[PDB]
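Numbering (the deposited numbering), first residue to last: 63 to 208.
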Ligand SMILES: Cc1cc2nc3c(=O)[nH]c(=O)nc-3n(C[C@@H](O)[C@@H](O)[C@@H](O)COP(=O)(O)O)c2cc1C
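Here it is as structure tokens:
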């Protein structure tokens, strides 16, 4: 399983660390990478992929995931021939573009034909219970979808 973290400050990364550990706890071969250090040209090669992404100024994706989101949004983006996914997003209702990055990644993947393992989870500023409830569900799902 490949867990991708896209954080401007470092919160998605922390959740990803908790999540990867739950999967190390439930399975074992888990790879945790930051969007800035993932050779995303092989994202296709993933059987089970998780993305954790925050939403930034003007609803823009996290910096480390810009090339990735742009790539995933490019005419050169590959079809998720055999890739399934789940997205967790950190956002704030006070902003207009609440959780837009999650909406973007969730959409484009599905548009490309990726299989959604779990409905996208949008998280507000309190964030910490969503990551946990979401964490508990991907574990249950992945145990049931591998
Ligand atoms: C400059 C800035 C702008 C942001 N803009 C938005 C926004 O438009 N919508 C949103 O849902 N979240 C926005 N966030 C994200 C925050 O709501 C919050 O989820 C943050 O803690 C995410 O941290 P992470 O990047 O470490 O995951 C913004 C954060 C920063 C620093």
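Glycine included, every Cβ here is placed at the ideal spot set by N, Cα and C.
Proximity of the stretch 171-180 to the stretch 138-156 meets the contact definition, three or more beta-carbon pairs being nearer than 8 angstroms. In terms of CA proximity to residue 109, 91 leads the group 71, 157, 91, 97.
Unbroken alpha helix (DSSP H) stretches of 4 residues or longer found wholly inside the stretch 151-181: 162-174, given in chain order. Rounded to whole angstroms, residue 115 and residue 87 show a C-alpha spacing of 23 angstroms. Cα atoms of residue 119 and residue 68: separation of roughly 14 angstroms, rounded to the nearest angstrom. Relative to the Cα of residue 184, the nearest Cα in the group 170, 166, 129 belongs to 166. C-alpha of residue 117 to C-alpha of residue 81: approximately 20 angstroms in a straight line. Between residue 100 and residue 65, the beta carbon gap of about 10 angstroms keeps them out of contact (Cβ cut-off 8 angstroms). The closest CA to that of residue 129, considering only 159, 146, 96, 111, is found on 96. Counting along the chain, the unbroken beta strand (DSSP E) around residue 184 starts and ends at 183-185. Comparing alpha carbon positions, the residue from 121, 208, 179, 204 closest to residue 152 is 121.
Within the same chain, and ignoring the five residues on either side of residue 106 in sequence, the residues whose Cβ sits closer than 6 angstroms to its Cβ are 140.
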